[PDB]
Amino acid sequence: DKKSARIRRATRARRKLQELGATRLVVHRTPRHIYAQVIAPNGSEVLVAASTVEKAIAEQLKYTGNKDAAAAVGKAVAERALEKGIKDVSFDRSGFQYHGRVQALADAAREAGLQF
Amino acid sequence: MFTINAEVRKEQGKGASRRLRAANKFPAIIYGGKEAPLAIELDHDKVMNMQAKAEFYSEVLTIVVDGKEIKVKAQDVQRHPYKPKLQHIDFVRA
Amino acid sequence: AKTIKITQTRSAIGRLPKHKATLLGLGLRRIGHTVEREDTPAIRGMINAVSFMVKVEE
Amino acid sequence: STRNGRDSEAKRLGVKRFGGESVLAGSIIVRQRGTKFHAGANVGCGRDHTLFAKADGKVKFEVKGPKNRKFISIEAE
Amino acid sequence: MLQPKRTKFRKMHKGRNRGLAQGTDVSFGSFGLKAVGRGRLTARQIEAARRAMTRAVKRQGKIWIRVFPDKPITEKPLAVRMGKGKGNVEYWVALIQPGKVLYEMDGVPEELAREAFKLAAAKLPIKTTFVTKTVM
RNA sequence: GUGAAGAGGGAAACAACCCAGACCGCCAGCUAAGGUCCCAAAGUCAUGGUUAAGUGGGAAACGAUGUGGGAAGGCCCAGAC
RNA sequence: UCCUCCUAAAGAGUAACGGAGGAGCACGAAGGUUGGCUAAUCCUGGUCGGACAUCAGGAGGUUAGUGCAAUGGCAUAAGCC
RNA sequence: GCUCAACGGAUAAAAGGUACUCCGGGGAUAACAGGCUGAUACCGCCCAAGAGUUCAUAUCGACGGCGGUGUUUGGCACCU
RNA sequence: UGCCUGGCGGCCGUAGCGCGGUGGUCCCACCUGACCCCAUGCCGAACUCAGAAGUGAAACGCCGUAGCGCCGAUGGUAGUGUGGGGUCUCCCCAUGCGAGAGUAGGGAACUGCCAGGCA
Ligand SMILES: [Mg+2]
Ligand SMILES: [Mg+2]
Ligand SMILES: [Mg+2]
Ligand SMILES: [Mg+2]
Ligand SMILES: [Mg+2]
Ligand SMILES: [Mg+2]
Ligand SMILES: [Mg+2]
Ligand SMILES: [Mg+2]
Ligand SMILES: [Mg+2]
Ligand SMILES: [Mg+2]
Ligand SMILES: [Mg+2]
Ligand SMILES: [Mg+2]
Ligand SMILES: [Mg+2]
Ligand SMILES: [Mg+2]
Ligand SMILES: [Mg+2]
Ligand SMILES: [Mg+2]
Ligand SMILES: [Mg+2]
Ligand SMILES: [Mg+2]
Ligand SMILES: [Mg+2]
């Protein structure tokens, strides 16, 4: 399995963020898309979600699923969660190496007012 | 073709079972899935003589409790460890 | 509401320490002593514990 | 014949504060050798796997986990 | 002489002997010699009662021994004071509770089986009885 | 748990076992363990059975047409042993 | 003198000239953190090659591993880079 | 800076003979005798493979089992 | 409101493995290419970047099937606290608690928060 090996590759960081009782910004990546959503410290319910599959974001994007696309969703997540009062989150890799579109997804969200 | 008479046990447990066994009777139960199980008591000397027959465990038996005939089949038998006696016999409502 | 009468009929010389305390809980002092206690599931739990030295009339 | 007669002092392990007990902060809950009881919510873990409180409350034992492992937590009640 | 090879430990606690036995029915053959008493039954009595059985029938049937000692018994030497270690293991016994089926054999008429088991029941300390196969 | 540091009654006698905890006196009553034929206080008490051994009132593997009770079995007045 | 298991009677503790084994160290990385990885044993196929080296598939599942005895533990790995 | 390892470590520094012996104590503890036990010892019995020309029990009796006595060698340390 | 799909949990085998069928508009998955951002103790196999041609084969989801896994009564048995008793190296009686194994059977999950596509 290619996904199961990644899931156990992100368990340690994901359970520490729950024991820490901190809001986290989980990031899911696909060869054709990229997703992001802010999940409450409970872990069961979400507060804010923005992704490339959203039609309000994809129509302005030449090809959803590249670095320039990951920068646009990160800005969307940060501004959406800014009016909700969420400012202090913690980034969750979800097993992906913090090197490509996830880095741009975080960097653009970080620059758009979110503090993590 | 084997017909055996039994009565419904008023009291059950470890203490009440050993009083039954000292009076030449031993407990038994009848369970058949879609009906509630029925705990009965029946004499020991009568049923020990029939259970020696090879056909006891194969043939469908008949139990007369409260006047009603219940057709059963012998499922399991609990024997005394070192005596020619019985302790408990399971009838399934077949 | 209803009172219950307990009488001690056997001595407490060589009894377990958990049965000497139950008699103190009930209030019995010597064999033949009769006390009138309130009826209660807790009180009747002491009578059951020592129901070989006490005799309850009812 | 002989060549025996050795032992070690008992380490006095075991649960110290059982379930439902009101503990303070930092009070030891269970002394263990391996990890028989895993740290849950509001309890820590020593270098020798001793489980200690981190906030005053009532102890709780639970069996959360995919592998059905005993967990110890604290309710700030 | 029945005796375990490659035991985990040389010497074993005395222990006790309570309760009824587990193998209380004939499962391999058709006639069985069932105990009614209680007490340890050494490996020397197991072989002495097997010889008296493979000689009464002497040509026919198989014989199953449903017991195995696997219990070391240690005896102190003579003119030795108490203490200073445990005794050195001497023989092996098979703890027997009532209901245990010791021997059993198939392939002979019941009359020959009944008499053959009587020749072995006179070499075992415990009080044994003859039992036949059932149906369940 | 008792003795040690606890007497009293019982187990013939018998610190530990069973009953029971002595502040003192009484020529008063009811009981516990244990007992009621005489020694020695109290049933030669009542009903229904067992034992023939003084078993009761020392001990096993094993042996036996001792004797009482219970459920079945084989043969038998086309006559059993 | 110290450490691990049993005796130790499911909290702690618990003895014998009771039943079994270890220690008087090691490491400047064998510690910290970040990133990554998952074994034993089997089958089949394959040059030297062989019951057993290295390789490719499948079953298996931690029956492997832990600087050092035993117990408890470990996949979020405390095991391996 | 201590195998002060007899590891809560009497000194910085230490082996023996006594039948030539002596004092304070102990039946808290051994040798003799007694006592409890009976592994061991002696005696007896149960089953019967065989020996006995046939035939197990005239006479023995293997492999095993069950007891008695308190006469051996022992165990304990209750009395002195 | 309904169906399909993705993310995060709850719950932990009645929830997993096996056998068969089915799904590609969207989603997911395989996939094309590699100078570049990054990587292989060799290999873009994995990780990663740039895209969309092909496919639903593998994987994944869903549905069906009990061959295993798993859950599992009633009755009885073992054990045992207290109080009595025996022929007391083991048991019995009164009473309270009452397994394990096995039998009948159950059974191929249920559910919460968001985000897409369709009707
Ligand atoms: Mg006295
Ligand atoms: Mg007197
Ligand atoms: Mg007084
Ligand atoms: Mg009177
Ligand atoms: Mg008189
Ligand atoms: Mg006499
Ligand atoms: Mg303990
Ligand atoms: Mg205990
Ligand atoms: Mg003590
Ligand atoms: Mg290490
Ligand atoms: Mg790591
Ligand atoms: Mg490490
Ligand atoms: Mg010292
Ligand atoms: Mg000193
Ligand atoms: Mg001289
Ligand atoms: Mg001289
Ligand atoms: Mg002197
Ligand atoms: Mg003395
Ligand atoms: Mg002494």
# chains A, B, ... in the order shown; residues from 1 in each chain; ligands from 1
call {"tool": "residues_around", "arguments": {"residues": "segment 70-73 of chain G", "least_positions_apart": "6", "cutoff": "6 Å", "atoms": "only C-alpha atoms (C1' of nucleotides)", "output": "list in words"}}
result
residues 33, 34 and 35 of chain D; 4 of chain G
call {"tool": "interface_residues", "arguments": {"of": "chain F", "to": "chain C", "cutoff": "12 Å", "atoms": "only C-alpha atoms (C1' of nucleotides)", "output": "count of residues only"}}
result
10
call {"tool": "closest_residue", "arguments": {"among": "I:77, I:24, I:4, I:10", "to": "chain D", "atoms": "only C-alpha atoms (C1' of nucleotides)"}}
result
I:10
call {"tool": "select_by_dssp", "arguments": {"residues": "chain A", "states": "strand (DSSP E or B)", "output": "PyMOL selection string"}}
result
chain A and resi 24-30+33-39+46-51+88+90-92+115
call {"tool": "residues_near_ligand", "arguments": {"ligand": "ligand 5", "cutoff": "9 Å", "atoms": "only C-alpha atoms (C1' of nucleotides) and all ligand atoms", "output": "list in words"}}
result
residues 36, 37, 38, 40, 41 and 42 of chain F
call {"tool": "write_last_selection", "arguments": {"atoms": "N, CA and C atoms (P, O5', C5', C4', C3', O3' and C1' of nucleotides)", "output": "PDB file, in the first residue's frame"}}
result
ATOM      1  P     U F  36     -26.010 -40.298  78.649  1.00  0.00           P
ATOM      2  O5'   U F  36     -27.209 -39.831  79.588  1.00  0.00           O
ATOM      3  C5'   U F  36     -27.166 -40.040  80.992  1.00  0.00           C
ATOM      4  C4'   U F  36     -28.528 -39.870  81.614  1.00  0.00           C
ATOM      5  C3'   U F  36     -29.647 -40.692  80.995  1.00  0.00           C
ATOM      6  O3'   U F  36     -29.693 -42.013  81.498  1.00  0.00           O
ATOM      7  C1'   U F  36     -30.357 -38.452  81.239  1.00  0.00           C
ATOM      8  P     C F  37     -30.361 -43.186  80.633  1.00  0.00           P
ATOM      9  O5'   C F  37     -30.325 -44.439  81.610  1.00  0.00           O
ATOM     10  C5'   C F  37     -31.176 -44.501  82.743  1.00  0.00           C
ATOM     11  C4'   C F  37     -30.847 -45.690  83.607  1.00  0.00           C
ATOM     12  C3'   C F  37     -29.826 -45.453  84.707  1.00  0.00           C
ATOM     13  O3'   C F  37     -30.412 -44.901  85.874  1.00  0.00           O
ATOM     14  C1'   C F  37     -29.296 -47.440  83.534  1.00  0.00           C
ATOM     15  P     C F  38     -29.511 -44.161  86.980  1.00  0.00           P
ATOM     16  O5'   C F  38     -28.592 -45.312  87.591  1.00  0.00           O
ATOM     17  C5'   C F  38     -28.848 -45.851  88.880  1.00  0.00           C
ATOM     18  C4'   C F  38     -27.622 -46.510  89.464  1.00  0.00           C
ATOM     19  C3'   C F  38     -26.455 -45.593  89.793  1.00  0.00           C
ATOM     20  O3'   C F  38     -26.591 -44.935  91.037  1.00  0.00           O
ATOM     21  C1'   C F  38     -25.660 -47.455  88.600  1.00  0.00           C
ATOM     22  P     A F  40     -21.073 -41.240  93.073  1.00  0.00           P
ATOM     23  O5'   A F  40     -22.395 -40.811  92.297  1.00  0.00           O
ATOM     24  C5'   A F  40     -22.977 -39.528  92.504  1.00  0.00           C
ATOM     25  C4'   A F  40     -23.645 -38.993  91.260  1.00  0.00           C
ATOM     26  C3'   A F  40     -24.634 -39.937  90.588  1.00  0.00           C
ATOM     27  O3'   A F  40     -25.692 -39.172  90.012  1.00  0.00           O
ATOM     28  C1'   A F  40     -22.893 -39.412  89.077  1.00  0.00           C
ATOM     29  P     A F  41     -26.954 -38.733  90.905  1.00  0.00           P
ATOM     30  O5'   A F  41     -26.949 -37.143  90.817  1.00  0.00           O
ATOM     31  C5'   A F  41     -27.978 -36.365  91.412  1.00  0.00           C
ATOM     32  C4'   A F  41     -28.556 -35.382  90.426  1.00  0.00           C
ATOM     33  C3'   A F  41     -29.297 -36.005  89.255  1.00  0.00           C
ATOM     34  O3'   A F  41     -30.662 -36.205  89.575  1.00  0.00           O
ATOM     35  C1'   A F  41     -27.739 -34.387  88.466  1.00  0.00           C
ATOM     36  P     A F  42     -31.453 -37.506  89.074  1.00  0.00           P
ATOM     37  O5'   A F  42     -32.017 -37.080  87.651  1.00  0.00           O
ATOM     38  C5'   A F  42     -32.884 -35.965  87.504  1.00  0.00           C
ATOM     39  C4'   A F  42     -32.890 -35.486  86.078  1.00  0.00           C
ATOM     40  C3'   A F  42     -33.173 -36.557  85.037  1.00  0.00           C
ATOM     41  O3'   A F  42     -34.559 -36.756  84.830  1.00  0.00           O
ATOM     42  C1'   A F  42     -31.226 -35.370  84.432  1.00  0.00           C
TER      43        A F  42
END
call {"tool": "closest_atom_pairs", "arguments": {"of": "chain G", "to": "ligand 12", "cutoff": "10 Å", "atoms": "only C-alpha atoms (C1' of nucleotides) and all ligand atoms", "output": "tab-separated table"}}
result
residue	atom	partner	partner_atom_place_in_ligand_line	distance
G:30	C1'	ligand 12	1 (Mg)	9.0
G:31	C1'	ligand 12	1 (Mg)	8.0
G:32	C1'	ligand 12	1 (Mg)	9.0
G:78	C1'	ligand 12	1 (Mg)	7.2
G:79	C1'	ligand 12	1 (Mg)	9.8
call {"tool": "write_last_selection", "arguments": {"atoms": "N, CA, C and O atoms (P, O5', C5', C4', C3', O3' and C1' of nucleotides)", "output": "PDB file, in the first residue's frame"}}
result
ATOM      1  P     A G  30      26.561   5.099  17.430  1.00  0.00           P
ATOM      2  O5'   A G  30      25.765   4.262  18.526  1.00  0.00           O
ATOM      3  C5'   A G  30      24.342   4.253  18.566  1.00  0.00           C
ATOM      4  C4'   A G  30      23.826   3.997  19.962  1.00  0.00           C
ATOM      5  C3'   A G  30      24.096   5.110  20.970  1.00  0.00           C
ATOM      6  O3'   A G  30      23.048   5.139  21.937  1.00  0.00           O
ATOM      7  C1'   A G  30      25.172   3.132  21.678  1.00  0.00           C
ATOM      8  P     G G  31      21.702   5.969  21.658  1.00  0.00           P
ATOM      9  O5'   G G  31      21.882   7.296  22.514  1.00  0.00           O
ATOM     10  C5'   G G  31      21.629   7.310  23.909  1.00  0.00           C
ATOM     11  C4'   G G  31      21.678   8.711  24.459  1.00  0.00           C
ATOM     12  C3'   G G  31      20.727   9.709  23.819  1.00  0.00           C
ATOM     13  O3'   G G  31      19.418   9.640  24.348  1.00  0.00           O
ATOM     14  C1'   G G  31      22.881  10.656  23.956  1.00  0.00           C
ATOM     15  P     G G  32      18.161  10.011  23.425  1.00  0.00           P
ATOM     16  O5'   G G  32      18.390  11.541  23.051  1.00  0.00           O
ATOM     17  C5'   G G  32      18.173  12.567  24.006  1.00  0.00           C
ATOM     18  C4'   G G  32      18.142  13.926  23.354  1.00  0.00           C
ATOM     19  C3'   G G  32      17.221  14.063  22.156  1.00  0.00           C
ATOM     20  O3'   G G  32      15.881  14.306  22.542  1.00  0.00           O
ATOM     21  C1'   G G  32      19.332  15.017  21.659  1.00  0.00           C
ATOM     22  P     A G  78      11.047   5.374  19.176  1.00  0.00           P
ATOM     23  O5'   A G  78      11.559   4.547  20.435  1.00  0.00           O
ATOM     24  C5'   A G  78      12.909   4.631  20.875  1.00  0.00           C
ATOM     25  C4'   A G  78      13.294   3.427  21.698  1.00  0.00           C
ATOM     26  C3'   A G  78      13.192   2.087  20.975  1.00  0.00           C
ATOM     27  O3'   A G  78      14.212   1.207  21.448  1.00  0.00           O
ATOM     28  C1'   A G  78      11.730   2.096  22.837  1.00  0.00           C
ATOM     29  P     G G  79      15.609   1.093  20.661  1.00  0.00           P
ATOM     30  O5'   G G  79      15.334   0.008  19.531  1.00  0.00           O
ATOM     31  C5'   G G  79      15.555  -1.373  19.769  1.00  0.00           C
ATOM     32  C4'   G G  79      15.312  -2.183  18.523  1.00  0.00           C
ATOM     33  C3'   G G  79      16.089  -1.740  17.293  1.00  0.00           C
ATOM     34  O3'   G G  79      17.402  -2.267  17.252  1.00  0.00           O
ATOM     35  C1'   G G  79      13.817  -1.983  16.729  1.00  0.00           C
TER      36        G G  79
END
call {"tool": "interface_residues", "arguments": {"of": "chain F", "to": "chain E", "cutoff": "12 Å", "atoms": "only C-alpha atoms (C1' of nucleotides)", "output": "JSON, numbers by chain"}}
result
{"F": [60, 61, 62]}
call {"tool": "residues_around", "arguments": {"residues": "residue 58 of chain I", "least_positions_apart": "2", "cutoff": "12 Å", "atoms": "only C-alpha atoms (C1' of nucleotides)", "output": "ChimeraX atom specification"}}
result
/A:1 /I:29-30,55-56,60
call {"tool": "closest_atom_pairs", "arguments": {"of": "chain H", "to": "ligand 13", "cutoff": "12 Å", "atoms": "only C-alpha atoms (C1' of nucleotides) and all ligand atoms", "output": "CSV"}}
result
residue,atom,partner,partner_atom_place_in_ligand_line,distance
H:5,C1',ligand 13,1 (Mg),11.0
H:6,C1',ligand 13,1 (Mg),7.2
H:7,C1',ligand 13,1 (Mg),7.4
H:8,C1',ligand 13,1 (Mg),6.7
H:9,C1',ligand 13,1 (Mg),8.4
call {"tool": "residues_near_ligand", "arguments": {"ligand": "ligand 15", "cutoff": "12 Å", "atoms": "only C-alpha atoms (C1' of nucleotides) and all ligand atoms", "output": "list in words"}}
result
residues 18, 19 and 20 of chain H
call {"tool": "write_last_selection", "arguments": {"atoms": "N, CA, C and O atoms (P, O5', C5', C4', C3', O3' and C1' of nucleotides)", "output": "PDB file, in the first residue's frame"}}
result
ATOM      1  P     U H  18      44.334 -28.245  71.062  1.00  0.00           P
ATOM      2  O5'   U H  18      44.578 -28.133  72.628  1.00  0.00           O
ATOM      3  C5'   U H  18      45.522 -28.973  73.269  1.00  0.00           C
ATOM      4  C4'   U H  18      45.800 -28.529  74.682  1.00  0.00           C
ATOM      5  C3'   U H  18      44.613 -28.493  75.624  1.00  0.00           C
ATOM      6  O3'   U H  18      44.250 -29.775  76.094  1.00  0.00           O
ATOM      7  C1'   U H  18      45.903 -26.539  75.904  1.00  0.00           C
ATOM      8  P     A H  19      42.759 -30.064  76.607  1.00  0.00           P
ATOM      9  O5'   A H  19      42.978 -30.970  77.896  1.00  0.00           O
ATOM     10  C5'   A H  19      44.035 -30.693  78.809  1.00  0.00           C
ATOM     11  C4'   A H  19      45.068 -31.793  78.820  1.00  0.00           C
ATOM     12  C3'   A H  19      45.889 -31.921  77.543  1.00  0.00           C
ATOM     13  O3'   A H  19      47.213 -32.354  77.852  1.00  0.00           O
ATOM     14  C1'   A H  19      44.621 -33.898  77.880  1.00  0.00           C
ATOM     15  P     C H  20      48.406 -31.279  77.922  1.00  0.00           P
ATOM     16  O5'   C H  20      48.382 -30.779  79.431  1.00  0.00           O
ATOM     17  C5'   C H  20      48.365 -31.709  80.499  1.00  0.00           C
ATOM     18  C4'   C H  20      48.249 -31.029  81.838  1.00  0.00           C
ATOM     19  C3'   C H  20      46.851 -30.662  82.296  1.00  0.00           C
ATOM     20  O3'   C H  20      46.104 -31.758  82.786  1.00  0.00           O
ATOM     21  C1'   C H  20      48.309 -28.857  82.707  1.00  0.00           C
TER      22        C H  20
END
call {"tool": "interface_residues", "arguments": {"of": "chain G", "to": "chain A", "cutoff": "10 Å", "atoms": "only C-alpha atoms (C1' of nucleotides)", "output": "MDAnalysis selection string"}}
result
chainID G and resid 35:36 75:77
call {"tool": "interface_residues", "arguments": {"of": "chain B", "to": "chain E", "cutoff": "12 Å", "atoms": "only C-alpha atoms", "output": "list in words"}}
result
residues 51, 52, 53, 54, 55, 56, 57, 58, 73, 74, 75, 76, 77, 78, 79, 80, 81, 82, 83, 84, 89 and 90 of chain B
call {"tool": "write_last_selection", "arguments": {"atoms": "N, CA, C and O atoms", "output": "PDB file, in the first residue's frame"}}
result
ATOM      1  N   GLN B  51     -31.161 -44.718  28.474  1.00  0.00           N
ATOM      2  CA  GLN B  51     -30.019 -44.085  27.824  1.00  0.00           C
ATOM      3  C   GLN B  51     -28.937 -45.087  27.446  1.00  0.00           C
ATOM      4  O   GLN B  51     -28.077 -44.769  26.618  1.00  0.00           O
ATOM      5  N   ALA B  52     -28.952 -46.284  28.035  1.00  0.00           N
ATOM      6  CA  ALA B  52     -28.018 -47.320  27.617  1.00  0.00           C
ATOM      7  C   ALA B  52     -28.322 -47.833  26.217  1.00  0.00           C
ATOM      8  O   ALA B  52     -27.436 -48.405  25.574  1.00  0.00           O
ATOM      9  N   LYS B  53     -29.549 -47.645  25.736  1.00  0.00           N
ATOM     10  CA  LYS B  53     -29.899 -48.058  24.385  1.00  0.00           C
ATOM     11  C   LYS B  53     -29.195 -47.179  23.360  1.00  0.00           C
ATOM     12  O   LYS B  53     -29.012 -45.977  23.566  1.00  0.00           O
ATOM     13  N   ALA B  54     -28.794 -47.792  22.245  1.00  0.00           N
ATOM     14  CA  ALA B  54     -28.103 -47.046  21.200  1.00  0.00           C
ATOM     15  C   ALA B  54     -29.032 -46.071  20.491  1.00  0.00           C
ATOM     16  O   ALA B  54     -28.570 -45.058  19.954  1.00  0.00           O
ATOM     17  N   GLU B  55     -30.334 -46.352  20.478  1.00  0.00           N
ATOM     18  CA  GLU B  55     -31.285 -45.515  19.761  1.00  0.00           C
ATOM     19  C   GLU B  55     -31.693 -44.270  20.535  1.00  0.00           C
ATOM     20  O   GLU B  55     -32.411 -43.432  19.982  1.00  0.00           O
ATOM     21  N   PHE B  56     -31.267 -44.133  21.793  1.00  0.00           N
ATOM     22  CA  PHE B  56     -31.687 -42.991  22.598  1.00  0.00           C
ATOM     23  C   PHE B  56     -31.196 -41.677  22.004  1.00  0.00           C
ATOM     24  O   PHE B  56     -31.942 -40.693  21.950  1.00  0.00           O
ATOM     25  N   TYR B  57     -29.945 -41.643  21.549  1.00  0.00           N
ATOM     26  CA  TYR B  57     -29.362 -40.407  21.046  1.00  0.00           C
ATOM     27  C   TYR B  57     -29.756 -40.102  19.607  1.00  0.00           C
ATOM     28  O   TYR B  57     -29.564 -38.968  19.156  1.00  0.00           O
ATOM     29  N   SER B  58     -30.296 -41.078  18.878  1.00  0.00           N
ATOM     30  CA  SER B  58     -30.666 -40.872  17.483  1.00  0.00           C
ATOM     31  C   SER B  58     -32.149 -40.552  17.321  1.00  0.00           C
ATOM     32  O   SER B  58     -32.504 -39.562  16.675  1.00  0.00           O
ATOM     33  N   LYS B  73     -34.419 -33.870  21.018  1.00  0.00           N
ATOM     34  CA  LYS B  73     -33.314 -34.760  20.696  1.00  0.00           C
ATOM     35  C   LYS B  73     -32.201 -34.541  21.709  1.00  0.00           C
ATOM     36  O   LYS B  73     -31.912 -33.402  22.083  1.00  0.00           O
ATOM     37  N   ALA B  74     -31.580 -35.632  22.149  1.00  0.00           N
ATOM     38  CA  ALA B  74     -30.540 -35.547  23.166  1.00  0.00           C
ATOM     39  C   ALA B  74     -29.293 -34.895  22.585  1.00  0.00           C
ATOM     40  O   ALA B  74     -28.665 -35.442  21.673  1.00  0.00           O
ATOM     41  N   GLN B  75     -28.930 -33.728  23.115  1.00  0.00           N
ATOM     42  CA  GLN B  75     -27.791 -32.975  22.602  1.00  0.00           C
ATOM     43  C   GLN B  75     -26.493 -33.368  23.303  1.00  0.00           C
ATOM     44  O   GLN B  75     -25.546 -33.828  22.657  1.00  0.00           O
ATOM     45  N   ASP B  76     -26.436 -33.198  24.621  1.00  0.00           N
ATOM     46  CA  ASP B  76     -25.243 -33.524  25.387  1.00  0.00           C
ATOM     47  C   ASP B  76     -25.657 -34.157  26.707  1.00  0.00           C
ATOM     48  O   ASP B  76     -26.756 -33.925  27.214  1.00  0.00           O
ATOM     49  N   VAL B  77     -24.758 -34.968  27.258  1.00  0.00           N
ATOM     50  CA  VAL B  77     -24.996 -35.690  28.501  1.00  0.00           C
ATOM     51  C   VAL B  77     -23.806 -35.475  29.422  1.00  0.00           C
ATOM     52  O   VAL B  77     -22.659 -35.707  29.026  1.00  0.00           O
ATOM     53  N   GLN B  78     -24.077 -35.036  30.648  1.00  0.00           N
ATOM     54  CA  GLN B  78     -23.055 -34.886  31.674  1.00  0.00           C
ATOM     55  C   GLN B  78     -23.129 -36.084  32.612  1.00  0.00           C
ATOM     56  O   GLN B  78     -24.141 -36.280  33.292  1.00  0.00           O
ATOM     57  N   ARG B  79     -22.064 -36.874  32.651  1.00  0.00           N
ATOM     58  CA  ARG B  79     -22.024 -38.074  33.470  1.00  0.00           C
ATOM     59  C   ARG B  79     -21.205 -37.851  34.734  1.00  0.00           C
ATOM     60  O   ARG B  79     -20.356 -36.960  34.808  1.00  0.00           O
ATOM     61  N   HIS B  80     -21.478 -38.680  35.733  1.00  0.00           N
ATOM     62  CA  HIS B  80     -20.676 -38.667  36.943  1.00  0.00           C
ATOM     63  C   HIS B  80     -19.252 -39.104  36.610  1.00  0.00           C
ATOM     64  O   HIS B  80     -19.055 -39.976  35.755  1.00  0.00           O
ATOM     65  N   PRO B  81     -18.238 -38.508  37.242  1.00  0.00           N
ATOM     66  CA  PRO B  81     -16.854 -38.848  36.874  1.00  0.00           C
ATOM     67  C   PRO B  81     -16.499 -40.313  37.054  1.00  0.00           C
ATOM     68  O   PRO B  81     -15.771 -40.868  36.223  1.00  0.00           O
ATOM     69  N   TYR B  82     -16.984 -40.966  38.116  1.00  0.00           N
ATOM     70  CA  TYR B  82     -16.579 -42.344  38.371  1.00  0.00           C
ATOM     71  C   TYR B  82     -17.715 -43.224  38.881  1.00  0.00           C
ATOM     72  O   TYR B  82     -17.449 -44.245  39.525  1.00  0.00           O
ATOM     73  N   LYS B  83     -18.963 -42.867  38.622  1.00  0.00           N
ATOM     74  CA  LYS B  83     -20.107 -43.685  38.986  1.00  0.00           C
ATOM     75  C   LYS B  83     -20.997 -43.880  37.773  1.00  0.00           C
ATOM     76  O   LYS B  83     -21.014 -43.046  36.862  1.00  0.00           O
ATOM     77  N   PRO B  84     -21.747 -44.973  37.728  1.00  0.00           N
ATOM     78  CA  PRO B  84     -22.770 -45.125  36.677  1.00  0.00           C
ATOM     79  C   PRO B  84     -24.006 -44.288  36.996  1.00  0.00           C
ATOM     80  O   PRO B  84     -25.069 -44.778  37.377  1.00  0.00           O
ATOM     81  N   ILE B  89     -28.513 -33.472  31.357  1.00  0.00           N
ATOM     82  CA  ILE B  89     -28.680 -33.879  29.966  1.00  0.00           C
ATOM     83  C   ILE B  89     -29.368 -32.753  29.207  1.00  0.00           C
ATOM     84  O   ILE B  89     -30.358 -32.187  29.683  1.00  0.00           O
ATOM     85  N   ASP B  90     -28.831 -32.413  28.038  1.00  0.00           N
ATOM     86  CA  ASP B  90     -29.324 -31.304  27.231  1.00  0.00           C
ATOM     87  C   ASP B  90     -30.214 -31.838  26.117  1.00  0.00           C
ATOM     88  O   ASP B  90     -29.771 -32.651  25.300  1.00  0.00           O
TER      89      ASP B  90
END
call {"tool": "residues_around", "arguments": {"residues": "residue 22 of chain C", "least_positions_apart": "6", "cutoff": "8 Å", "atoms": "only C-alpha atoms (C1' of nucleotides)", "output": "PyMOL selection string"}}
result
chain C and resi 46+49-50
call {"tool": "interface_residues", "arguments": {"of": "chain I", "to": "chain D", "cutoff": "12 Å", "atoms": "only C-alpha atoms (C1' of nucleotides)", "output": "PyMOL selection string"}}
result
chain I and resi 10-13+15
